[PDB]
$ cat entry30.pdb   # PDB, C-alpha atoms
MODEL        1
ATOM      1  CA  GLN T   1     192.906  22.525 104.162
ATOM      2  CA  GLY T   2     191.945  20.657 100.993
ATOM      3  CA  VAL T   3     193.484  18.846  98.002
ATOM      4  CA  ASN T   4     191.752  18.344  94.618
ATOM      5  CA  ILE T   5     193.005  16.369  91.597
ATOM      6  CA  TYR T   6     191.967  17.306  88.044
ATOM      7  CA  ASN T   7     192.842  15.363  84.924
ATOM      8  CA  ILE T   8     192.735  18.054  82.250
ATOM      9  CA  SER T   9     192.789  16.684  78.721
ATOM     10  CA  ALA T  10     194.430  18.875  76.073
ATOM     11  CA  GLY T  11     191.833  21.124  74.465
ATOM     12  CA  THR T  12     189.375  21.051  77.368
ATOM     13  CA  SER T  13     188.746  23.049  80.521
ATOM     14  CA  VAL T  14     187.461  22.045  83.975
ATOM     15  CA  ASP T  15     185.421  23.501  86.839
ATOM     16  CA  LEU T  16     186.868  23.459  90.352
ATOM     17  CA  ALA T  17     185.090  21.865  93.295
ATOM     18  CA  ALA T  18     187.066  24.315  95.452
ATOM     19  CA  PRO T  19     187.737  27.838  94.180
ATOM     20  CA  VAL T  20     191.339  29.009  94.116
ATOM     21  CA  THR T  21     191.934  32.326  95.893
ATOM     22  CA  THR T  22     194.505  34.422  97.783
ATOM     23  CA  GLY T  23     196.910  32.178  99.660
ATOM     24  CA  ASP T  24     196.041  29.278  97.361
ATOM     25  CA  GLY T  25     198.037  27.478  94.691
ATOM     26  CA  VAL T  26     197.549  25.315  91.627
ATOM     27  CA  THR T  27     200.148  23.122  89.938
ATOM     28  CA  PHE T  28     199.905  21.678  86.439
ATOM     29  CA  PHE T  29     201.839  18.401  86.222
ATOM     30  CA  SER T  30     203.028  17.077  82.858
ATOM     31  CA  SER T  31     204.427  13.583  82.318
ATOM     32  CA  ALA T  32     206.552  14.675  79.361
ATOM     33  CA  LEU T  33     208.685  17.587  78.166
ATOM     34  CA  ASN T  34     208.633  17.817  74.363
ATOM     35  CA  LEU T  35     211.216  20.416  73.459
ATOM     36  CA  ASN T  36     211.523  19.172  69.878
ATOM     37  CA  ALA T  37     207.823  19.527  69.106
ATOM     38  CA  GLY T  38     206.534  21.162  65.943
ATOM     39  CA  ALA T  39     205.661  24.854  65.709
ATOM     40  CA  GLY T  40     202.910  26.515  67.686
ATOM     41  CA  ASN T  41     199.884  27.970  65.923
ATOM     42  CA  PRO T  42     201.351  30.229  67.327
ATOM     43  CA  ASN T  43     201.164  28.558  70.744
ATOM     44  CA  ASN T  44     202.424  25.057  71.535
ATOM     45  CA  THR T  45     200.672  24.869  74.885
ATOM     46  CA  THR T  46     198.669  27.180  77.125
ATOM     47  CA  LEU T  47     197.668  26.977  80.788
ATOM     48  CA  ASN T  48     194.902  29.214  82.107
ATOM     49  CA  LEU T  49     193.051  30.299  85.247
ATOM     50  CA  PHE T  50     189.527  31.641  84.681
ATOM     51  CA  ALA T  51     187.234  33.814  86.781
ATOM     52  CA  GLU T  52     183.561  32.763  87.081
ATOM     53  CA  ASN T  53     182.510  35.111  84.274
ATOM     54  CA  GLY T  54     185.079  33.491  82.010
ATOM     55  CA  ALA T  55     187.745  36.194  82.075
ATOM     56  CA  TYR T  56     191.334  35.002  81.761
ATOM     57  CA  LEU T  57     192.852  35.832  85.126
ATOM     58  CA  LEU T  58     196.109  34.289  83.976
ATOM     59  CA  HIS T  59     196.873  33.104  80.476
ATOM     60  CA  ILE T  60     200.261  31.396  80.059
ATOM     61  CA  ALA T  61     201.387  30.460  76.542
ATOM     62  CA  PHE T  62     204.556  28.656  75.471
ATOM     63  CA  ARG T  63     206.028  29.246  72.013
ATOM     64  CA  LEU T  64     209.055  27.178  70.945
ATOM     65  CA  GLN T  65     209.777  28.660  67.483
ATOM     66  CA  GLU T  66     209.378  32.147  68.956
ATOM     67  CA  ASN T  67     211.208  30.760  72.024
ATOM     68  CA  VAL T  68     209.260  32.802  74.561
ATOM     69  CA  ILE T  69     206.540  32.444  77.205
ATOM     70  CA  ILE T  70     203.460  34.674  77.180
ATOM     71  CA  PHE T  71     201.591  35.948  80.255
ATOM     72  CA  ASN T  72     198.361  37.929  79.854
ATOM     73  CA  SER T  73     194.723  38.458  80.919
ATOM     74  CA  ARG T  74     191.403  39.385  79.305
ATOM     75  CA  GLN T  75     187.767  39.890  80.214
ATOM     76  CA  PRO T  76     185.442  37.239  78.674
ATOM     77  CA  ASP T  77     184.489  39.617  75.864
ATOM     78  CA  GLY T  78     187.458  41.995  76.003
ATOM     79  CA  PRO T  79     190.839  42.249  74.182
ATOM     80  CA  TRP T  80     194.121  40.749  75.353
ATOM     81  CA  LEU T  81     195.463  43.218  77.890
ATOM     82  CA  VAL T  82     199.119  44.148  78.538
ATOM     83  CA  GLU T  83     201.426  41.326  77.436
ATOM     84  CA  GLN T  84     204.213  40.054  79.728
ATOM     85  CA  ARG T  85     207.154  38.086  78.218
ATOM     86  CA  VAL T  86     210.028  35.809  79.210
ATOM     87  CA  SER T  87     212.605  34.470  76.737
ATOM     88  CA  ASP T  88     214.370  31.115  76.780
ATOM     89  CA  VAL T  89     211.711  28.415  76.998
ATOM     90  CA  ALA T  90     213.920  25.320  77.308
ATOM     91  CA  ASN T  91     215.953  27.167  79.925
ATOM     92  CA  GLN T  92     213.057  27.412  82.381
ATOM     93  CA  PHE T  93     212.519  23.656  82.252
ATOM     94  CA  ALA T  94     216.223  23.102  82.894
ATOM     95  CA  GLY T  95     217.437  20.632  85.479
ATOM     96  CA  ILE T  96     214.383  18.434  85.002
ATOM     97  CA  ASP T  97     213.443  16.505  81.870
ATOM     98  CA  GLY T  98     211.041  13.785  80.786
ATOM     99  CA  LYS T  99     208.320  15.770  82.533
ATOM    100  CA  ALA T 100     207.549  19.124  84.143
ATOM    101  CA  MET T 101     205.404  20.975  86.666
ATOM    102  CA  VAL T 102     204.001  24.513  86.569
ATOM    103  CA  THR T 103     202.741  26.210  89.725
ATOM    104  CA  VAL T 104     200.727  29.376  90.201
ATOM    105  CA  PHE T 105     200.564  31.015  93.631
ATOM    106  CA  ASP T 106     197.649  33.373  94.142
ATOM    107  CA  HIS T 107     199.373  36.084  96.164
ATOM    108  CA  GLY T 108     196.227  38.235  95.943
ATOM    109  CA  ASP T 109     197.627  41.144  93.935
ATOM    110  CA  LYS T 110     200.135  39.045  92.013
ATOM    111  CA  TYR T 111     200.333  35.576  90.500
ATOM    112  CA  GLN T 112     203.688  33.940  91.180
ATOM    113  CA  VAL T 113     204.402  31.497  88.387
ATOM    114  CA  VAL T 114     206.891  28.774  89.210
ATOM    115  CA  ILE T 115     208.211  26.262  86.672
ATOM    116  CA  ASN T 116     209.779  23.414  88.644
ATOM    117  CA  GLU T 117     211.812  25.157  91.360
ATOM    118  CA  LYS T 118     212.404  28.260  89.233
ATOM    119  CA  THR T 119     210.236  31.398  89.596
ATOM    120  CA  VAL T 120     209.623  32.662  86.058
ATOM    121  CA  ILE T 121     207.564  35.765  86.811
ATOM    122  CA  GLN T 122     205.953  37.783  89.575
ATOM    123  CA  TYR T 123     202.914  38.617  87.463
ATOM    124  CA  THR T 124     200.971  41.673  88.607
ATOM    125  CA  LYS T 125     197.233  41.139  88.104
ATOM    126  CA  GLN T 126     195.269  42.804  85.318
ATOM    127  CA  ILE T 127     192.047  41.229  86.615
ATOM    128  CA  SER T 128     191.199  40.147  90.172
ATOM    129  CA  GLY T 129     188.972  37.509  91.718
ATOM    130  CA  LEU T 130     188.962  33.847  92.631
ATOM    131  CA  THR T 131     189.647  31.148  90.039
ATOM    132  CA  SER T 132     186.809  28.705  89.382
ATOM    133  CA  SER T 133     188.095  26.875  86.311
ATOM    134  CA  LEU T 134     191.351  25.922  84.658
ATOM    135  CA  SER T 135     192.111  24.844  81.096
ATOM    136  CA  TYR T 136     194.953  23.376  79.049
ATOM    137  CA  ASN T 137     194.984  24.066  75.300
ATOM    138  CA  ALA T 138     197.185  22.221  72.822
ATOM    139  CA  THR T 139     197.022  19.575  70.121
ATOM    140  CA  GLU T 140     198.497  16.111  70.456
ATOM    141  CA  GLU T 141     200.903  16.860  67.560
ATOM    142  CA  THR T 142     202.638  19.972  68.996
ATOM    143  CA  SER T 143     202.159  20.408  72.779
ATOM    144  CA  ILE T 144     205.304  20.662  74.914
ATOM    145  CA  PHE T 145     203.520  18.792  77.725
ATOM    146  CA  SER T 146     201.747  15.436  77.929
ATOM    147  CA  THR T 147     198.311  15.003  76.330
ATOM    148  CA  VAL T 148     196.743  14.842  79.765
ATOM    149  CA  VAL T 149     197.890  17.285  82.423
ATOM    150  CA  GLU T 150     197.157  16.754  86.130
ATOM    151  CA  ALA T 151     196.375  20.041  87.847
ATOM    152  CA  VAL T 152     196.351  19.582  91.616
ATOM    153  CA  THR T 153     194.883  22.359  93.748
ATOM    154  CA  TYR T 154     195.722  23.367  97.315
ATOM    155  CA  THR T 155     192.995  25.519  98.842
ATOM    156  CA  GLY T 156     191.660  26.609 102.219
ATOM    157  CA  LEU T 157     195.179  27.506 103.343
ATOM    158  CA  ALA T 158     194.558  31.034 104.662
TER
ATOM    159  CA  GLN Z   1     206.958  31.414  98.296
ATOM    160  CA  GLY Z   2     209.023  28.654  96.726
ATOM    161  CA  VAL Z   3     208.798  25.174  95.198
ATOM    162  CA  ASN Z   4     211.274  22.386  95.960
ATOM    163  CA  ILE Z   5     211.501  18.994  94.266
ATOM    164  CA  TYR Z   6     213.339  16.010  95.730
ATOM    165  CA  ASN Z   7     213.636  12.561  94.186
ATOM    166  CA  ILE Z   8     213.758  10.021  96.985
ATOM    167  CA  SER Z   9     214.777   6.436  96.297
ATOM    168  CA  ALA Z  10     213.338   3.799  98.617
ATOM    169  CA  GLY Z  11     215.312   3.596 101.850
ATOM    170  CA  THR Z  12     216.956   7.015 101.708
ATOM    171  CA  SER Z  13     216.226  10.465 103.082
ATOM    172  CA  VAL Z  14     216.943  14.040 102.049
ATOM    173  CA  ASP Z  15     217.744  17.438 103.536
ATOM    174  CA  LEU Z  16     215.358  20.209 102.614
ATOM    175  CA  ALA Z  17     216.790  23.373 101.110
ATOM    176  CA  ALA Z  18     213.750  25.038 102.623
ATOM    177  CA  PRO Z  19     212.278  23.785 105.935
ATOM    178  CA  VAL Z  20     208.608  22.886 106.215
ATOM    179  CA  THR Z  21     206.984  25.014 108.911
ATOM    180  CA  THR Z  22     203.523  26.145 109.985
ATOM    181  CA  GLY Z  23     201.397  26.943 106.940
ATOM    182  CA  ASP Z  24     203.598  24.942 104.538
ATOM    183  CA  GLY Z  25     203.097  21.622 102.786
ATOM    184  CA  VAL Z  26     204.742  18.554 101.238
ATOM    185  CA  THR Z  27     203.304  16.144  98.682
ATOM    186  CA  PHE Z  28     205.043  12.813  97.984
ATOM    187  CA  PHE Z  29     204.188  11.524  94.506
ATOM    188  CA  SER Z  30     204.420   7.868  93.543
ATOM    189  CA  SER Z  31     204.306   6.740  89.921
ATOM    190  CA  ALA Z  32     202.943   3.373  91.042
ATOM    191  CA  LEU Z  33     200.397   1.836  93.395
ATOM    192  CA  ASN Z  34     200.933  -1.770  94.515
ATOM    193  CA  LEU Z  35     198.201  -2.940  96.890
ATOM    194  CA  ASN Z  36     199.345  -6.532  96.380
ATOM    195  CA  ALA Z  37     202.987  -5.733  97.185
ATOM    196  CA  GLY Z  38     203.386  -8.449  99.758
ATOM    197  CA  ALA Z  39     204.400  -8.729 103.384
ATOM    198  CA  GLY Z  40     206.002  -5.695 104.950
ATOM    199  CA  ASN Z  41     207.878  -6.285 108.208
ATOM    200  CA  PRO Z  42     205.685  -4.789 109.401
ATOM    201  CA  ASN Z  43     205.875  -1.780 107.091
ATOM    202  CA  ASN Z  44     205.417  -1.945 103.316
ATOM    203  CA  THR Z  45     206.104   1.778 103.059
ATOM    204  CA  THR Z  46     206.760   4.778 105.299
ATOM    205  CA  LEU Z  47     206.871   8.525 104.746
ATOM    206  CA  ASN Z  48     208.476  10.680 107.395
ATOM    207  CA  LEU Z  49     209.216  14.219 108.538
ATOM    208  CA  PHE Z  50     212.246  14.842 110.764
ATOM    209  CA  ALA Z  51     213.672  17.833 112.618
ATOM    210  CA  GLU Z  52     217.373  18.695 112.923
ATOM    211  CA  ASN Z  53     217.822  16.608 116.095
ATOM    212  CA  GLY Z  54     216.480  13.664 114.113
ATOM    213  CA  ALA Z  55     213.144  13.352 115.843
ATOM    214  CA  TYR Z  56     210.253  11.743 113.965
ATOM    215  CA  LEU Z  57     207.912  14.739 113.779
ATOM    216  CA  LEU Z  58     205.493  12.495 111.916
ATOM    217  CA  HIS Z  59     205.921   8.799 111.105
ATOM    218  CA  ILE Z  60     203.504   7.537 108.395
ATOM    219  CA  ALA Z  61     203.586   3.731 108.017
ATOM    220  CA  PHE Z  62     201.537   1.776 105.462
ATOM    221  CA  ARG Z  63     200.867  -1.909 106.171
ATOM    222  CA  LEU Z  64     198.978  -4.190 103.772
ATOM    223  CA  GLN Z  65     198.992  -7.418 105.860
ATOM    224  CA  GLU Z  66     197.936  -5.519 108.992
ATOM    225  CA  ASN Z  67     195.785  -3.455 106.623
ATOM    226  CA  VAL Z  68     196.421  -0.187 108.428
ATOM    227  CA  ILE Z  69     198.063   3.203 108.052
ATOM    228  CA  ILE Z  70     199.846   3.918 111.343
ATOM    229  CA  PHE Z  71     200.772   7.464 112.433
ATOM    230  CA  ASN Z  72     203.235   8.304 115.193
ATOM    231  CA  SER Z  73     206.228  10.325 116.401
ATOM    232  CA  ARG Z  74     209.301   9.962 118.560
ATOM    233  CA  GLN Z  75     212.316  11.846 119.853
ATOM    234  CA  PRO Z  76     215.929  11.075 118.820
ATOM    235  CA  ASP Z  77     216.795   8.255 121.235
ATOM    236  CA  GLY Z  78     213.252   7.941 122.541
ATOM    237  CA  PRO Z  79     210.487   5.289 122.379
ATOM    238  CA  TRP Z  80     207.503   5.632 120.067
ATOM    239  CA  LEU Z  81     204.816   7.924 121.443
ATOM    240  CA  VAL Z  82     201.042   7.486 121.114
ATOM    241  CA  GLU Z  83     200.095   5.697 117.889
ATOM    242  CA  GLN Z  84     197.103   6.802 115.754
ATOM    243  CA  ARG Z  85     195.360   4.444 113.329
ATOM    244  CA  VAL Z  86     193.547   4.456 110.008
ATOM    245  CA  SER Z  87     192.310   1.035 108.965
ATOM    246  CA  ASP Z  88     191.967  -0.243 105.420
ATOM    247  CA  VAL Z  89     194.794   0.988 103.190
ATOM    248  CA  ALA Z  90     193.291   0.323  99.740
ATOM    249  CA  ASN Z  91     190.276   2.339 100.754
ATOM    250  CA  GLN Z  92     192.285   5.525 101.228
ATOM    251  CA  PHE Z  93     193.717   5.286  97.732
ATOM    252  CA  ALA Z  94     190.343   4.498  96.158
ATOM    253  CA  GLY Z  95     189.858   6.894  93.271
ATOM    254  CA  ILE Z  96     193.064   6.636  91.223
ATOM    255  CA  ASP Z  97     195.044   3.505  90.351
ATOM    256  CA  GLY Z  98     198.296   3.618  88.400
ATOM    257  CA  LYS Z  99     199.665   6.213  90.825
ATOM    258  CA  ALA Z 100     198.987   8.137  94.065
ATOM    259  CA  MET Z 101     200.048  11.129  96.146
ATOM    260  CA  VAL Z 102     200.303  11.887  99.865
ATOM    261  CA  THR Z 103     200.169  15.459 101.117
ATOM    262  CA  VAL Z 104     201.067  16.753 104.552
ATOM    263  CA  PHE Z 105     200.078  20.261 105.644
ATOM    264  CA  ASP Z 106     201.790  21.806 108.670
ATOM    265  CA  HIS Z 107     199.116  23.667 110.654
ATOM    266  CA  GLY Z 108     201.164  24.397 113.761
ATOM    267  CA  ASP Z 109     199.261  22.177 116.183
ATOM    268  CA  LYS Z 110     198.359  19.413 113.745
ATOM    269  CA  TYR Z 111     199.588  17.602 110.657
ATOM    270  CA  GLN Z 112     196.816  17.140 108.098
ATOM    271  CA  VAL Z 113     197.495  14.022 106.040
ATOM    272  CA  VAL Z 114     195.562  13.824 102.781
ATOM    273  CA  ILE Z 115     195.813  10.858 100.420
ATOM    274  CA  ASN Z 116     194.921  12.064  96.914
ATOM    275  CA  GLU Z 117     191.761  14.019  97.733
ATOM    276  CA  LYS Z 118     190.764  12.230 100.934
ATOM    277  CA  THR Z 119     191.868  13.776 104.231
ATOM    278  CA  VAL Z 120     192.820  10.689 106.238
ATOM    279  CA  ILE Z 121     193.789  12.125 109.636
ATOM    280  CA  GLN Z 122     194.032  15.315 111.626
ATOM    281  CA  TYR Z 123     197.160  14.331 113.503
ATOM    282  CA  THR Z 124     197.657  16.512 116.589
ATOM    283  CA  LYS Z 125     201.430  16.820 116.972
ATOM    284  CA  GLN Z 126     203.196  14.942 119.760
ATOM    285  CA  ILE Z 127     206.359  16.902 118.877
ATOM    286  CA  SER Z 128     206.620  20.308 117.173
ATOM    287  CA  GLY Z 129     209.351  22.076 115.207
ATOM    288  CA  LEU Z 130     210.490  22.518 111.621
ATOM    289  CA  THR Z 131     210.969  19.711 109.135
ATOM    290  CA  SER Z 132     214.495  19.531 107.771
ATOM    291  CA  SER Z 133     214.273  15.981 106.457
ATOM    292  CA  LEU Z 134     211.786  14.054 104.350
ATOM    293  CA  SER Z 135     212.145  10.270 104.075
ATOM    294  CA  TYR Z 136     210.735   7.326 102.125
ATOM    295  CA  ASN Z 137     211.659   3.883 103.475
ATOM    296  CA  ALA Z 138     210.763   0.636 101.731
ATOM    297  CA  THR Z 139     212.333  -2.185  99.763
ATOM    298  CA  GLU Z 140     212.273  -2.547  95.966
ATOM    299  CA  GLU Z 141     210.057  -5.605  96.585
ATOM    300  CA  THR Z 142     207.271  -4.703  99.026
ATOM    301  CA  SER Z 143     206.695  -0.965  98.660
ATOM    302  CA  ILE Z 144     203.179   0.139  97.746
ATOM    303  CA  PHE Z 145     204.706   3.134  95.952
ATOM    304  CA  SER Z 146     207.151   3.379  93.021
ATOM    305  CA  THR Z 147     210.862   2.756  93.682
ATOM    306  CA  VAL Z 148     211.498   6.518  93.574
ATOM    307  CA  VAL Z 149     208.953   8.867  95.120
ATOM    308  CA  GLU Z 150     209.010  12.576  94.305
ATOM    309  CA  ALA Z 151     208.578  14.904  97.264
ATOM    310  CA  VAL Z 152     207.415  18.414  96.412
ATOM    311  CA  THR Z 153     207.427  21.198  99.015
ATOM    312  CA  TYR Z 154     205.513  24.468  99.203
ATOM    313  CA  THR Z 155     207.147  26.904 101.607
ATOM    314  CA  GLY Z 156     207.387  30.531 102.662
ATOM    315  CA  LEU Z 157     203.606  30.719 102.479
ATOM    316  CA  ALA Z 158     202.568  32.092 105.873
TER
ENDMDL
END
$ encode --input "entry30.pdb" --output "structure tokens"
Amino acid sequence: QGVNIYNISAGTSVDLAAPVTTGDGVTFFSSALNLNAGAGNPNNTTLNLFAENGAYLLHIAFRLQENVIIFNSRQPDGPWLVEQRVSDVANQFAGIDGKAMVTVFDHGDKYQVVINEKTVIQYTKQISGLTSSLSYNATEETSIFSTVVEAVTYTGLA
Amino acid sequence: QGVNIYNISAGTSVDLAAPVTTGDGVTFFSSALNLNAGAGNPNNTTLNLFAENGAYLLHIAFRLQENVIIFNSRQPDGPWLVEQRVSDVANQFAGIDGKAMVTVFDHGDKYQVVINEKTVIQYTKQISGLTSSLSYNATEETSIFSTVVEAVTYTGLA
């Protein structure tokens, strides 16, 4: 029922005018696809969905040197929970280059993560709740995506 | 659910691998915004949704000179049905400049057209059915959007 555009600058987070919940979706658009970037520290780029208390509902980290993608969750003060992994970074972004889009579907009990047209993981939730803020962490010198990512949100749906 | 990406060059159309149906959505992304494009005849740009038969489920036409976004429909060999209007084009895109996006949600009885964040019209369908074809018609000289517009679909939702 509603569309919201957010211009997330690398290293910052943002509050949503419309909360993301079951039936909703968010898509992080990047205007570049740096697959020859430096080495992550240890991450090159991260995309996250936070709960109102600050807990990471979905933490997605890309690591080129380690050539793997990380998927986890953690309460605002708690420890990183059970790690989920997927090898072959460059392979996910296949078919499309010069840019890339990452989508997260809030299926209620699971977060479907889609890179371009390819579903990379049907991530079972370790923490529930609606998402009120997103973030994009990376440094200009080593992020796989553009310095400014455009996360567009589609809410109201259900 | 699934995500589909289609690059559409001005004047062409494309078959969807996944049809847009009730509860689904499409977002055409333009890398440019030209509000001084020139004289359309009478259209500067049009975005469309067709069904197998070829019917115009929804015909979105942008017109700078006439300063109006027209919305209509029509059967295969039929005449245009009842036109709907939204005056002042530049005003709908107010908010972002170097680019723009147009989303279309299929809510069964109505098509909800949203330009960027602004919902421009609650178009009650004059013809129902599934969308098998997306289309972007314009010339490389008078289009308000970039020469190639990227259509992204969100399906399987409901």
$ resolve_selection --input "entry30.pdb" --expression "the PyMOL selection byres ((chain Z) within 8 of (chain T))" --output "ChimeraX atom specification"
/Z:1-5,23,105,112,114,116-119,157
$ write_last_selection --input "entry30.pdb" --atoms "C-alpha atoms" --output "PDB file, keeping the file's coordinate frame"
ATOM      1  CA  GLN Z   1     206.958  31.414  98.296  1.00  0.00           C
ATOM      2  CA  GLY Z   2     209.023  28.654  96.726  1.00  0.00           C
ATOM      3  CA  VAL Z   3     208.798  25.174  95.198  1.00  0.00           C
ATOM      4  CA  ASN Z   4     211.274  22.386  95.960  1.00  0.00           C
ATOM      5  CA  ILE Z   5     211.501  18.994  94.266  1.00  0.00           C
ATOM      6  CA  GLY Z  23     201.397  26.943 106.940  1.00  0.00           C
ATOM      7  CA  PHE Z 105     200.078  20.261 105.644  1.00  0.00           C
ATOM      8  CA  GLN Z 112     196.816  17.140 108.098  1.00  0.00           C
ATOM      9  CA  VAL Z 114     195.562  13.824 102.781  1.00  0.00           C
ATOM     10  CA  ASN Z 116     194.921  12.064  96.914  1.00  0.00           C
ATOM     11  CA  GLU Z 117     191.761  14.019  97.733  1.00  0.00           C
ATOM     12  CA  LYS Z 118     190.764  12.230 100.934  1.00  0.00           C
ATOM     13  CA  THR Z 119     191.868  13.776 104.231  1.00  0.00           C
ATOM     14  CA  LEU Z 157     203.606  30.719 102.479  1.00  0.00           C
TER      15      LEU Z 157
END
$ resolve_selection --input "entry30.pdb" --expression "the PyMOL selection byres ((chain Z and resi 61) around 10)" --output "PyMOL selection string"
chain Z and resi 42-48+58-60+62-63+68-72+85+136-137
$ atom_distance --input "entry30.pdb" --atom1 "atom CA of residue 22 of chain T" --atom2 "atom CA of residue 120 of chain T"
19.2 Å
$ resolve_selection --input "entry30.pdb" --expression "the PyMOL selection byres ((chain T and resi 124) around 8)" --output "PyMOL selection string"
chain T and resi 109-111+122-123+125-126
$ residues_around --input "entry30.pdb" --residues "residue 139 of chain T" --least-positions-apart "5" --cutoff "12 Å" --atoms "all atoms listed in the file" --output "PDB file with C-alpha atoms, in the coordinates of the input"
ATOM      1  CA  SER T   9     192.789  16.684  78.721  1.00  0.00           C
ATOM      2  CA  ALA T  10     194.430  18.875  76.073  1.00  0.00           C
ATOM      3  CA  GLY T  11     191.833  21.124  74.465  1.00  0.00           C
ATOM      4  CA  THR T  12     189.375  21.051  77.368  1.00  0.00           C
ATOM      5  CA  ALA T  37     207.823  19.527  69.106  1.00  0.00           C
ATOM      6  CA  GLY T  38     206.534  21.162  65.943  1.00  0.00           C
ATOM      7  CA  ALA T  39     205.661  24.854  65.709  1.00  0.00           C
ATOM      8  CA  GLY T  40     202.910  26.515  67.686  1.00  0.00           C
ATOM      9  CA  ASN T  41     199.884  27.970  65.923  1.00  0.00           C
ATOM     10  CA  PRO T  42     201.351  30.229  67.327  1.00  0.00           C
ATOM     11  CA  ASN T  43     201.164  28.558  70.744  1.00  0.00           C
ATOM     12  CA  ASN T  44     202.424  25.057  71.535  1.00  0.00           C
ATOM     13  CA  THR T  45     200.672  24.869  74.885  1.00  0.00           C
ATOM     14  CA  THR T  46     198.669  27.180  77.125  1.00  0.00           C
ATOM     15  CA  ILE T 144     205.304  20.662  74.914  1.00  0.00           C
ATOM     16  CA  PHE T 145     203.520  18.792  77.725  1.00  0.00           C
ATOM     17  CA  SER T 146     201.747  15.436  77.929  1.00  0.00           C
ATOM     18  CA  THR T 147     198.311  15.003  76.330  1.00  0.00           C
ATOM     19  CA  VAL T 148     196.743  14.842  79.765  1.00  0.00           C
TER      20      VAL T 148
END
$ atom_distance --input "entry30.pdb" --atom1 "atom CA of residue 20 of chain Z" --atom2 "atom CA of residue 128 of chain Z"
11.4 Å
